[PDB]
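S.K.: Coordinates in coords_17.txt, compact mmCIF, C-alpha atoms, are listed below.
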# COMPACT_ATOMS: atom_id res chain seq x y z
CA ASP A 23 84.78 67.70 64.29
CA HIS A 24 84.65 64.53 66.32
CA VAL A 25 87.39 61.88 66.60
CA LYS A 26 87.58 58.42 68.21
CA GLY A 27 90.82 56.78 69.39
CA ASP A 28 91.99 53.93 67.12
CA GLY A 29 92.86 51.66 70.12
CA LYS A 30 96.62 51.46 69.43
CA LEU A 31 98.64 53.19 72.12
CA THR A 32 101.88 54.90 71.15
CA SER A 33 104.30 57.19 73.02
CA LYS A 34 105.70 60.59 71.95
CA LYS A 35 108.05 62.78 73.98
CA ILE A 36 109.06 66.48 73.89
CA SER A 37 111.05 69.09 75.86
CA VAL A 38 109.24 71.82 77.76
CA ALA A 39 110.20 74.95 79.72
CA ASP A 40 110.50 74.35 83.44
CA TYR A 41 107.24 74.64 85.41
CA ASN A 42 106.26 74.71 89.12
CA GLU A 43 102.56 74.31 88.69
CA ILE A 44 100.31 71.73 87.01
CA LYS A 45 96.67 71.82 85.84
CA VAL A 46 95.11 68.48 84.90
CA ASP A 47 91.56 67.77 83.77
CA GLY A 48 89.97 64.75 82.06
CA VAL A 49 90.55 61.00 82.39
CA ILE A 50 94.36 61.15 82.35
CA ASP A 51 96.98 59.09 84.27
CA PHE A 52 99.45 61.91 85.11
CA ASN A 53 102.85 60.90 86.43
CA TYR A 54 105.12 63.56 87.95
CA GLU A 55 108.65 63.48 89.37
CA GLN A 56 110.79 66.17 90.94
CA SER A 57 114.17 66.30 89.24
CA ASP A 58 116.91 68.66 87.99
CA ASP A 59 116.96 66.88 84.59
CA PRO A 60 115.67 69.04 81.75
CA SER A 61 111.86 68.99 81.79
CA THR A 62 110.18 66.67 79.31
CA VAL A 63 106.56 65.67 78.70
CA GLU A 64 105.87 62.14 77.36
CA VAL A 65 102.35 61.27 76.22
CA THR A 66 101.02 57.75 75.58
CA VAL A 67 97.62 57.86 73.88
CA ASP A 68 95.78 56.43 70.87
CA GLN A 69 98.16 56.87 67.94
CA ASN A 70 95.62 58.82 65.79
CA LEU A 71 94.97 61.34 68.63
CA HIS A 72 98.58 62.65 69.07
CA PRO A 73 98.07 65.57 66.63
CA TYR A 74 95.31 66.90 68.93
CA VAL A 75 97.39 66.74 72.11
CA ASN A 76 98.21 70.29 73.22
CA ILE A 77 101.12 70.58 75.69
CA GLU A 78 101.78 74.13 77.01
CA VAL A 79 103.93 75.77 79.68
CA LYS A 80 102.82 79.41 80.25
CA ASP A 81 104.27 81.51 83.11
CA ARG A 82 105.65 78.28 84.60
CA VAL A 83 102.30 76.37 84.55
CA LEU A 84 101.97 73.04 82.65
CA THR A 85 98.60 72.23 80.99
CA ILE A 86 98.03 69.15 78.77
CA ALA A 87 94.70 68.85 76.99
CA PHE A 88 93.10 68.05 73.63
CA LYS A 89 92.88 70.80 70.93
CA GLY A 90 91.19 71.05 67.49
CA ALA A 91 88.66 68.18 67.64
CA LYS A 92 86.06 66.86 70.07
CA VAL A 93 87.62 63.57 71.16
CA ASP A 94 84.69 61.21 71.81
CA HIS A 95 86.74 58.25 72.98
CA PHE A 96 90.28 57.15 73.81
CA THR A 97 91.73 53.95 75.25
CA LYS A 98 94.17 55.59 77.63
CA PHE A 99 95.96 58.93 78.10
CA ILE A 100 99.20 58.62 80.13
CA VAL A 101 101.46 61.59 80.92
CA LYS A 102 105.02 61.34 82.33
CA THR A 103 106.79 64.63 83.15
CA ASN A 104 109.28 66.28 85.54
CA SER A 105 110.36 69.66 86.94
CA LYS A 106 112.59 71.13 89.64
CA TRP A 107 109.69 72.16 91.86
CA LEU A 108 105.96 71.57 92.47
CA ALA A 109 104.42 74.53 94.26
CA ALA A 110 100.84 73.79 93.10
CA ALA A 111 98.62 71.24 91.41
CA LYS A 112 94.99 71.55 90.38
CA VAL A 113 93.38 68.18 89.61
CA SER A 114 89.90 67.85 88.08
CA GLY A 115 87.83 65.63 85.78
CA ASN A 116 88.58 62.05 86.51
CA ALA A 117 92.32 62.64 86.57
CA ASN A 118 94.71 60.36 88.48
CA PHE A 119 97.58 62.55 89.61
CA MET A 120 100.64 60.61 90.86
CA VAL A 121 103.87 62.00 92.29
CA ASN A 122 106.28 59.11 91.95
CA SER A 123 109.42 60.65 93.47
CA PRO A 124 110.19 62.19 96.81
CA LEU A 125 108.95 65.79 96.89
CA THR A 126 110.97 68.50 98.70
CA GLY A 127 110.39 72.26 98.93
CA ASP A 128 108.82 75.23 100.68
CA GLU A 129 105.08 74.88 100.08
CA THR A 130 102.89 72.60 97.95
CA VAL A 131 99.18 73.35 97.47
CA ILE A 132 97.04 70.63 95.87
CA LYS A 133 93.41 71.05 94.93
CA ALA A 134 91.37 68.05 93.75
CA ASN A 135 87.72 67.97 92.73
CA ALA A 136 85.23 66.18 90.41
CA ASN A 137 86.22 62.53 90.82
CA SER A 138 89.93 62.93 90.87
CA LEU A 139 92.53 60.93 92.72
CA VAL A 140 95.86 62.33 94.00
CA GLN A 141 98.66 59.92 95.11
CA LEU A 142 101.86 61.27 96.72
CA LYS A 143 103.74 58.01 96.85
CA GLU A 144 107.15 58.92 98.29
CA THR A 145 108.27 61.10 101.18
CA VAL A 146 107.02 64.71 100.97
CA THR A 147 109.44 66.95 102.92
CA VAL A 148 108.00 70.47 102.85
CA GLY A 149 107.45 73.52 105.00
CA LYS A 150 103.74 73.40 104.22
CA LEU A 151 101.45 70.82 102.57
CA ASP A 152 98.01 72.35 101.88
CA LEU A 153 95.39 69.80 100.68
CA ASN A 154 91.91 70.82 99.51
CA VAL A 155 89.40 68.07 98.28
CA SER A 156 85.87 68.67 97.07
CA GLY A 157 83.37 67.04 94.70
CA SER A 158 84.05 63.37 95.22
CA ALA A 159 87.86 63.61 95.10
CA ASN A 160 90.37 61.46 97.02
CA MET A 161 93.98 61.96 98.09
CA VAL A 162 96.43 59.40 99.47
CA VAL A 163 99.73 60.63 100.95
CA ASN A 164 102.15 57.82 101.92
CA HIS A 165 104.69 59.79 103.97
CA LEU A 166 104.87 63.47 105.07
CA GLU A 167 107.57 65.33 107.03
CA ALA A 168 106.33 68.92 107.42
CA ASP A 169 106.27 72.05 109.51
CA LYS A 170 102.56 72.57 108.72
CA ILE A 171 99.74 70.39 107.36
CA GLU A 172 96.43 71.85 106.19
CA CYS A 173 93.55 69.55 105.16
CA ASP A 174 90.20 70.69 103.87
CA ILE A 175 87.42 68.28 102.91
CA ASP A 176 84.51 70.18 101.43
CA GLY A 177 83.06 67.14 99.52
CA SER A 178 82.09 63.42 99.56
CA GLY A 179 85.80 62.43 99.46
CA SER A 180 88.70 61.46 101.61
CA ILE A 181 92.23 62.44 102.50
CA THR A 182 94.53 59.62 103.77
CA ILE A 183 97.96 60.40 105.27
CA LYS A 184 99.58 57.12 106.19
CA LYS A 185 102.63 58.14 108.13
CA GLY A 186 105.07 60.86 109.19
CA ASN A 187 105.24 64.06 111.20
CA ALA A 188 103.81 67.61 110.96
CA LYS A 189 104.71 70.17 113.63
CA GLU A 190 101.30 71.90 113.37
CA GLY A 191 98.01 70.95 111.72
CA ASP A 192 94.65 72.47 110.78
CA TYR A 193 92.08 69.90 109.60
CA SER A 194 88.60 70.86 108.41
CA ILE A 195 85.67 68.69 107.25
CA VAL A 196 82.58 70.59 106.04
CA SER A 197 81.16 67.76 103.92
CA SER A 198 80.35 64.01 104.41
CA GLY A 199 84.08 63.33 103.86
CA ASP A 200 86.79 61.57 105.86
CA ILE A 201 90.30 62.36 107.04
CA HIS A 202 92.36 59.23 107.78
CA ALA A 203 95.46 60.55 109.53
CA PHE A 204 96.02 58.21 112.49
CA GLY A 205 99.61 57.70 111.23
CA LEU A 206 100.51 61.41 111.00
CA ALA A 207 101.86 62.53 114.37
CA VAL A 208 101.02 66.20 114.99
CA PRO A 209 102.05 67.96 118.20
CA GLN A 210 99.77 71.02 117.80
CA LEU A 211 96.57 69.96 116.06
CA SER A 212 93.26 71.66 115.45
CA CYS A 213 90.47 69.69 113.86
CA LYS A 214 86.93 70.95 112.99
CA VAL A 215 84.17 68.63 111.78
CA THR A 216 80.99 70.37 110.59
CA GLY A 217 79.71 67.66 108.36
CA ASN A 218 78.74 64.17 109.21
CA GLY A 219 82.32 63.42 108.29
CA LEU A 220 84.92 61.47 110.32
CA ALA A 221 88.42 62.71 111.26
CA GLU A 222 90.89 60.10 112.51
CA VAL A 223 93.87 61.97 113.91
CA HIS A 224 97.02 61.70 116.03
CA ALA A 225 97.96 64.63 118.34
CA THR A 226 101.07 64.28 120.52
CA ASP A 227 100.83 67.41 122.71
CA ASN A 228 97.65 69.47 122.20
CA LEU A 229 94.38 68.79 120.36
CA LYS A 230 91.74 71.44 119.70
CA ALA A 231 88.58 69.45 118.63
CA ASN A 232 85.35 71.05 117.28
CA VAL A 233 82.23 69.21 116.20
CA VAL A 234 79.03 70.88 115.00
CA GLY A 235 76.38 68.29 114.22
CA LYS A 236 76.67 64.48 113.80
CA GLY A 237 80.34 64.42 112.74
CA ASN A 238 82.95 62.41 114.66
CA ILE A 239 86.62 62.79 115.69
CA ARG A 240 88.74 59.83 116.79
CA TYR A 241 92.22 60.56 118.12
CA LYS A 242 95.30 58.65 119.18
CA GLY A 243 97.23 60.28 122.02
CA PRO A 244 99.08 61.04 124.17
CA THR A 245 97.56 64.54 124.10
CA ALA A 246 95.85 67.32 126.08
CA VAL A 247 92.39 68.06 124.57
CA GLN A 248 90.28 71.21 124.21
CA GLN A 249 86.94 69.91 122.94
CA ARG A 250 83.63 71.57 121.95
CA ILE A 251 80.59 69.62 120.64
CA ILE A 252 77.39 71.29 119.42
CA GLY A 253 74.88 68.49 118.84
CA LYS A 254 75.00 64.69 118.84
CA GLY A 255 78.46 64.09 117.34
CA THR A 256 81.44 62.73 119.26
CA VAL A 257 85.14 63.24 120.03
CA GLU A 258 86.70 60.04 121.44
CA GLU A 259 90.16 58.68 122.17
CA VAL A 260 91.21 55.45 120.43
CA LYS A 261 93.49 52.46 121.41
Starting from the file, give its structure as structure tokens.
M.R.:
Amino acid sequence: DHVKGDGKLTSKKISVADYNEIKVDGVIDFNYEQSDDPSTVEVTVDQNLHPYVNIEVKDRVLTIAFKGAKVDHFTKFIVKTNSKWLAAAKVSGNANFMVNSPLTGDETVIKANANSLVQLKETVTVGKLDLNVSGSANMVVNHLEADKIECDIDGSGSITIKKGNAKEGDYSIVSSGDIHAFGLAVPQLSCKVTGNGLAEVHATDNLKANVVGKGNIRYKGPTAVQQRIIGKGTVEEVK
């Protein structure tokens, strides 16, 4: 069976068990906040498609997807939900995953692929933030305060981190992708570019820079540098 959205957006809201992990796929605007309030999921979608919306929490993982009809078309699909913690998110399809509150906790691992967007809009205060983009996925992180940052670009996409601090960092670009992290101050930074990607970084004590091929690393100091270039790429200080 196939169904088409009727064009008239309505909202419905339910209570869900608490969850620490999210899986999102499809063209969905997915809004998350960290809060102690009882977890709810609100869905705004074409009014005729609500009966096919399947919201599940299983072993603390939230999935929201369509069930019991091939949905050919919808106008918009907006999720708004909350939980006490976000340890992990997996973001695929053309999903737009937005964390709209501060995020605090031990470790958060986010994986984005296909043509997804992740936006962490408020301060992320964590022990570890582990970011892994592939396909043509993008992440934007407004403000991080962390013990450890890990960034992996294995695709045509980009990770931006606009400001903050991370005590240690491991950045890796294997693809054509870009890391824009001039505003993240990292004392102990290692950064490997194997693609023809670009890493823009800020090390404040020690930088370990590796380029294999035509890739490029630009860094803001003040930092001591260990650098190794195999091929025609470059590692150069900015400012």
S.K.: With distances taken over only C-alpha atoms, which of A:142, A:92, A:80, A:68 is nearest to residue A:55?
M.R.: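 Among the listed residues, the smallest separation from residue A:55 belongs to A:142.
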S.K.: Set the distance at 12 Å and use all atoms listed in the file: which residues neighbour residue A:135 once local chain neighbours fewer than 5 positions away are removed? I'd like the list as a count of residues only.
M.R.: 30
S.K.: Mind checking which residues fall within 7 Å of residue A:206, counting all atoms listed in the file, ignoring those fewer than 6 positions away in the same chain, and posting them as a short mmCIF file (atom, residue, chain, number, x, y, z; two decimals) with C-alpha atoms, keeping the file's coordinate frame?
M.R.:
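So out28.cif came out as:
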data_model
loop_
_atom_site.label_atom_id
_atom_site.label_comp_id
_atom_site.auth_asym_id
_atom_site.auth_seq_id
_atom_site.Cartn_x
_atom_site.Cartn_y
_atom_site.Cartn_z
CA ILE A 183 97.96 60.40 105.27
CA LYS A 184 99.58 57.12 106.19
CA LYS A 185 102.63 58.14 108.13
CA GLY A 186 105.07 60.86 109.19
CA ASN A 187 105.24 64.06 111.20
CA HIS A 224 97.02 61.70 116.03
#
S.K.: Take atom CA of residue A:70 and atom CA of residue A:100 and report the distance between them in Å, one decimal.
M.R.: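 That distance, rounded to one decimal, is 14.8 Å.
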S.K.: How big is the axis-aligned box around the listed atoms of stretch 187-195 of chain A once 6 Å is added on each side, and where is its centre? Give both in Å to one decimal, as AutoDock Vina command-line options.
M.R.:
--center_x 95.5 --center_y 68.3 --center_z 110.4 --size_x 31.6 --size_y 20.4 --size_z 18.4
